Amino acid sequence: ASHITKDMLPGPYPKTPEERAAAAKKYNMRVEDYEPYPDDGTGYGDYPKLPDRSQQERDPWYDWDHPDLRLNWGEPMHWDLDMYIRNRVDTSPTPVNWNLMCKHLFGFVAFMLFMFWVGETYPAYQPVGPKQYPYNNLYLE
Amino acid sequence: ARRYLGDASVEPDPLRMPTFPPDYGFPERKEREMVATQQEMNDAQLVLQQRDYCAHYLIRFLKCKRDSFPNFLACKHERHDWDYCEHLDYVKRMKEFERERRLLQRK
Amino acid sequence: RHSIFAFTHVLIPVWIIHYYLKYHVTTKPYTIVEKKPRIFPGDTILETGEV
Amino acid sequence: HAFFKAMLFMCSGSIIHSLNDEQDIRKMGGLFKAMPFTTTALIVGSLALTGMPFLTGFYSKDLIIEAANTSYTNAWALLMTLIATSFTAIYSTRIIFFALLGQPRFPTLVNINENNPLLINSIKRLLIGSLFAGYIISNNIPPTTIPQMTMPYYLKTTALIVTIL
Amino acid sequence: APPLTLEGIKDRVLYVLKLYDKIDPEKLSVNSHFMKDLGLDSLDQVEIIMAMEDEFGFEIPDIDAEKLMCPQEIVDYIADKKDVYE
Amino acid sequence: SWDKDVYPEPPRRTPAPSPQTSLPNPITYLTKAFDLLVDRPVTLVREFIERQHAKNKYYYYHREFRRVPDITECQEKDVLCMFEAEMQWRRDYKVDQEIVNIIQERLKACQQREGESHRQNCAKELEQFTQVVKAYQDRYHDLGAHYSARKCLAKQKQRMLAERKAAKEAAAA
Amino acid sequence: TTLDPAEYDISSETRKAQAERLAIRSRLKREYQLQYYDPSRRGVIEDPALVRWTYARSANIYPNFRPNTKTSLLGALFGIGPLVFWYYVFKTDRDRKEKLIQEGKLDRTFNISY
Amino acid sequence: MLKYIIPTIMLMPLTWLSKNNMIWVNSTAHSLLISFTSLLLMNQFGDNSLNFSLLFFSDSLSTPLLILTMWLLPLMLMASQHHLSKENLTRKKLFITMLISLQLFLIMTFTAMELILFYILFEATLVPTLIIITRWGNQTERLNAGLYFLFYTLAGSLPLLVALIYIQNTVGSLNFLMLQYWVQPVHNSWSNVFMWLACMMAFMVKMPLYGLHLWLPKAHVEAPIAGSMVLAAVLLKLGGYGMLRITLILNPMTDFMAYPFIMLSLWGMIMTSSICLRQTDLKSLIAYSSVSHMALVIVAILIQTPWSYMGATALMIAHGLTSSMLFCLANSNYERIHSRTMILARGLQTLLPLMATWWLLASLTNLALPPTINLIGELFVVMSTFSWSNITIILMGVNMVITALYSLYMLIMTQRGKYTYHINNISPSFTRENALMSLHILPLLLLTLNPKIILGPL
Amino acid sequence: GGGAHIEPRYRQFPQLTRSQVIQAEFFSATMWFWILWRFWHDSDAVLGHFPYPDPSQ
């Protein structure tokens, strides 16, 4: 049961060097890119002075990580930044966006113009005159 | 090519036909062509798209499948003859665009 | 043996599961709902003939 | 189809244990590095997957691509089904050309073994059941539909040559 | 299922000394320390295990470089990783 | 069992013979052996209970009720006679559920017995059943007062709309 | 596509005296390993990085909160927002559906259920 | 009830009358014996109807619902003994007696013969629950949560008395539900809105809408010894069923203003289960599951015309057994690790193998695997509100999607390893820990054979 | 381990058990005998064709 520095207070400009770290060592001497200034967007009750958010992100992927536990399995001491989206989210790929996936289905979007026609096997084209005439001509005889 | 109209009974599933529904029928040569027995076609448990032509030859063909039970071929040449019933039926139908391309031209 | 291992497995329930079957078609007003014979000509247990 | 890959997973399952793990198409080598039986079983089903010259599902594969012969289709559908048949051929020789062709390249201590009759009883039943499957099933079956049985000149047999290229 | 002993790891490390044409079969057995005739900077620190990168080669992390100077210190912790001798 | 007029079927009409060949048929090997292996442990045991069950008998009777009052009785502030008119009424709705169950099984009877044609034949079921279900939700199903089941407080008043609106207000029928 | 993710950059010599940030985490790990090894513990360590993670997320949002902005008054575009739209749909059905049900018929004879 | 209340009051001068530590075995022995007698005269027939004795019972005829109320006193005493056994026997005798005193009023409730006998017993609770909330919890936020549990339930229930006394001197007397044959209809007015609204809103405060659910993750989060009244508070929530007794009659023709209760509780259903996947307190994870597929009955009661009452009754005791056991899964595995943080309990599934089945067969009832009592309940609700409007399959279908990803997220957090810590957590799930975790699924899958016992009138 | 009936190697090509090759060569013969009904007798399309039905007048 710890009462001194239990959590944050209404910040984030309450002499920020006193916060990290009295406890909650988010910053070393309030210049660590994680000094508890980051109340991004005041007026929201979410994330006060808060040894917490908009810190660098996107994914402790639990790779080699040989200091010790380091990442996600083995539990280092004080490194929780924002979680519950990060035990299932990873890093950067090869290339970049070039959204060819919508362009991949665009090939049949052009072939939706081939959905307008038919596929009759006999005969071929003969597309220039009225000799084709899909249905029958005269009556019995 | 057959038919007549005003089906007496209101029985759907087009067995209510003139006699027998063809694919198109008849149409010219011959302008008529007949069929099997509808009282036997319903007596034989047989689905639609099998009440077309060459059915009576097939009703005698597939009978030998059970009439020769532990067999590998009831009649393989008749299968080539039922196909010859089928191919002569189908090339009779293939002469549409031989005519319809020409009969739709001026005269 | 292949004698008491095989006979205990299959042979006993077929005695059981038949007994809830023959004593069952006459009780329930629909038994198994078997289809027709699919005949071409005509003979079998009738008499009718065909050409 | 059910006789194909339960063979073929189990056929290659003898290979992954044989190197104790790689499951990569790299780092394999050729066919006969004391692998007589399963490479013979590989060249049957991967020849079935070519498009069936006389094999098992010839009575399933050929009769459907020649059921799309006369049809009211999209006309881009036959420009998408029959082109996919040609792509099924390079499926075959790819596992040949990396696992069954090349010089032996993989890290050492060749710890291969194939002689457990549990596996040999497994494959020898299904490979025999593979070949004579459709020639019993399709030979002994009630026909329900009217077949096509028409395929004129320059339009008929190229579906094999689709696989040959 | 195949086990292993410690007499095989002493040979393979020693053999790829002889497989390299830069190094003669006249250097010491377990401790030539690499610097005896190791050169230069790059390609005498990671290339010296680039032959075992193909053979053993279980991804060999960044810590493995400067421990590998002592050529017996290579032999030390390969037995620790792959669950080896007693 | 039952009575076959409630649950009809046509005869059996089962063909037979048709061998015609000296090709080896396994049907003589199958039915001429396995029928006896089941005949001993079934027929002898079922008969053994059948005398043992005929040692003594037990009785249960038909339960027929009394129907003196019917519908429009009684006066509004009464409770007693308007309890009996609901005890009348609820039995006339659990029963009329099950008569739809009987006719539906009659539709199940023809279709697995013919199967192949199944549409142009049997001539009766799709005419009978849709003249009963179309005679169901009218006046016998409080749609949508089905929640409280509204015995005689609404079961008459669909049928009031079937008299006060129907048959006179058609202008001019 | 989410994200760049900036896996290489420059240094040497932008603020070279930035070191011994590891001295923070080595102090914690020397505190932790001396805490973690002991012959009789029988129970977890507190580790208040979890304690400050729940209690600054469960409570301490409403004592923090002041409605000084309009991005917390944005919730009328999110709370009562779509709930307006679901009422607009459901009374167009059950009214257009209703008139067709009374004036004219749409269902068949075999609709006992319902 | 002839005498079910009369033996279960005789349980009360047995506990203090006993000796020393025998007080646990003496109470649980006799309390199981009522379960024969509870079944005994009840479940009779059956066609309009069973008025039972007098002005004290209509026997809970078409809605049984009451056998489940009698399992629990011999289910909670075996559950509560985990961390209770450090206090005095003089208070250990208390906590058994008020728990019986909660079962006494629930027995005359659900049957109740009237509507004004209902209310005074509908409000006869909330005094013995509040004693279990304030005393016998853990660290603070008990006391405000002791006040949030009041002042929603009590602010709403007082306009019942204004309306129920109003009916008693308007149309005859309400004293019987079977003098409700004469019912005048309730048309569209400006006073008949409020008669409908005040009579309805006091039931919404217990089975919550999306609004005014603000007390439900307060009392369940900060909660007694081992779910000991939390098992009771899940029955008590579904023991606000009496909307089935009222709204079937007694203003039957007001669907005109059902729509702000439909859309609030049909869109809230798709959101209040979605708002739980980022929970970090384990007992608050279950506490929002209890919001979501309880609020499916609120769109199942207001939509009338059964094939819904087939399912709306089966859903009241669907998670009567499910959500009870999930609290028992979390009242266990907290005795060993002293936090309810879901992060901390990892490294599991190797250490306690026998209770892996107890996780899954719990969470396989929310996936609900159709031959259970669960997807015989939802698939009557689905086929009911389809016939209201076709578009409701979308929201209720996405309800089925997210709760699939929701239930497994509580399972899969235990399938990890290496445990990093924890010289404690030795106790290999003793004989009591599996016994009170059993008797939940053992009736739950049993009744799926002949579930004609679980049906309304209907 | 227990039985070393197939020894590990240093790339010296451990061979077969001199009976596996018999079953191996037996199931190449059963399929190339099974090319019998592929050619003898089965053709490309045993249907018959049309001789260009132009004279329909």
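As recorded in the PDB header, cryo-EM is the method behind this entry, and the stated resolution is 3.8 Å.

J.: Residues and numbers for the overall build of chain G, please.
T.: The number of helices and strands found in chain G is four helices and zero strands. Each helix and strand of chain G, ordered N terminal to C terminal, gives the series α-α-α-α. Here chain G has a C-alpha radius of gyration of 31 Å; the compact-globule value for 114 residues is 13 Å, and the former is much larger. Projected onto the principal axes, the alpha-carbon positions of chain G cover approximately 85 × 50 × 35 Å.

J.: Before we move on, could you go through the packing of aromatic side chains and cite the residues and values that matter?
T.: With 5.0 Å between their ring centres and 45 degrees between their planes, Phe54(D) and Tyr135(D) make a pair best called tilted. With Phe54(D) in the loop between helix 2 (36–48) and helix 3 (58–65) and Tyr135(D) in helix 7 (residues 134–137), this pair connects stretches of sequence that are 81 residues apart. Considering the side-chain rings of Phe118(H) and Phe122(H), the 5.6 Å spacing of their centres and the 15 degrees angle between planes classify their relative orientation as stacked. Pair noted here: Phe118(H) and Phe122(H) are both in helix 7 (residues 116–122), with a separation of four residues, about one helical turn. Of the aromatic side chains, those joined through ring pairs into one cluster are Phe54(D), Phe58(D), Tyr59(D), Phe132(D), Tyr135(D) and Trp34(I). Directly above the aromatic system of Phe65(F) lies the positively charged group of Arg91(F), at a separation of 5.3 Å from the ring centroid.

J.: Would you mind going over the arrangement of the chains in detail, with residue names and values included?
T.: Contact between chain B and chain G is absent, and the least distance between their C-alpha atoms amounts to 18 Å. Chain D makes no contact with chain G; the smallest distance between any of their C-alpha atoms is 29 Å.

J.: Go over the interface of chain A and chain G, please, and point to the residues and values.
T.: The interface is formed by 25 residues belonging to chain A together with 25 residues belonging to chain G. When its residues are assigned to classes, the side of chain A that touches chain G shows 12 nonpolar, eight polar and five charged.

J.: Outline unusual backbone geometry, listing residues and values.
T.: Following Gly11(A), the chain continues into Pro12(A) via a peptide bond in cis, with omega recorded as 5 degrees. Counting through the fold element by element, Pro12(A) comes out in the segment before helix 1 (100–110). Here the amide bond leading from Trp40(I) into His41(I) is cis, since omega sits at 5 degrees, within 30 degrees of zero. In this structure, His41(I) sits in the segment after helix 2 (36–39). Its identity is not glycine, yet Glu59(E) carries a phi of approximately 75 degrees, on the positive side. Relative to the helices and strands, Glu59(E) resides in the loop between helix 2 (50–55) and helix 3 (64–67). At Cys152(F), a residue that is not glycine, the phi angle is positive and equals roughly 70 degrees. Position of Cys152(F) among the secondary structure elements: in the loop between helix 4 (137–140) and helix 5 (158–164).

J.: Tell me about the UniProt feature "transmembrane region" in chain G, residues and numbers included.
T.: Within this structure's numbering, the places UniProt gives as "transmembrane region" are residues 71–90 of chain G. Helix makes up 50% of residues 71–90 of chain G and strand 0%, with an end-to-end C-alpha separation of 30 Å.

J.: Help me get a handle on the state of the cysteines, residues and values and all.
T.: One disulfide in the model links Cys54(B) with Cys85(B); its S-S distance is 2.0 Å. Disulfide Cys54(B)-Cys85(B): the torsion about the S-S bond is -95 degrees, which places it as left-handed. With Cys54(B) in the loop between helix 1 (38–41) and helix 2 (56–61) and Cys85(B) in helix 4 (residues 76–93), this pair connects stretches of sequence that are 31 residues apart. Linked covalently through their sulfurs, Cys110(F) and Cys122(F) form a disulfide whose S-S length is 2.0 Å. Classification of the bridge connecting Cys110(F) and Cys122(F) rests on its S-S torsion, roughly 105 degrees, and on that basis the disulfide is right-handed. A residue pair is termed long-range when its members are at least 10 positions apart, and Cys110(F) in helix 2 (residues 81–114) and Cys122(F) in the loop between helix 2 and helix 3 (125–128) qualify at 12 residues.

J.: Please provide a residue-by-residue account of the pattern of salt bridges, values included.
T.: Where charged atoms of side chains with opposite charge meet at close range, the side chains can pair. With its nearest N and O atoms 3.8 Å apart, the salt bridge here joins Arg12(E) to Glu55(E). On the criterion of sequence distance, the pair formed by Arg12(E) in helix 1 (residues 9–19) and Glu55(E) in helix 2 is long-range, its members being 43 residues apart.

J.: Run through the packing of helix 18 (residues 309–316) of chain H against helix 21 (residues 378–385) of chain H, naming residues and quoting values.
T.: All names here are of chain H. Contact geometry of helix 18 with helix 21 gives a least axis separation of 7 Å together with a crossing angle of 145 degrees. Between helix 18 and helix 21 lies a crossing whose hand is left-handed. Residues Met310, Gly311, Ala312 and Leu315 of helix 18 form the contact with helix 21, whose own contacting residues are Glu378, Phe380 and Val381. Here the contact of helix 18 with helix 21 is composed, by residue class, of five nonpolar, one polar and one charged.

Parameters at a glance
- Residues numbered from 1 in each chain as written, not as in the entry; some residues may be left out.
- Chains lettered and ligands numbered in written order.
- Part of a larger assembly, values for the part shown.
- Heavy atoms only, no water.
- Residues with missing side-chain atoms left out of burial classes, pairs and counts.
- Helix = DSSP H or I, 4+ residues; strand = E, 2+ residues; numbered from the N terminus.
- Rg over C-alpha atoms; globule rule 2.2 N^0.38 Å.
- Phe/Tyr/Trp six-rings, centres within 6.5 Å; stacked < 30°, edge-to-face > 60°.
- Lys NZ or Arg CZ within 6 Å of the ring centre and 35° of its normal.
- Contact = heavy atoms within 4.5 Å.
- Nonpolar A, V, L, I, M, F, W, Y, C, P; charged D, E, K, R; others polar.
- UniProt positions renumbered as here; feature names shortened; annotations may be inferred.
- Disulfide = S-S within 2.5 Å.
- Salt bridge = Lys/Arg side-chain N within 4 Å of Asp/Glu carboxyl O.
- Axes fitted to C-alpha atoms, helices over the stretch in contact; angles between N-to-C directions.
- Left-handed = near helix turned anticlockwise from the far one by under 90°.

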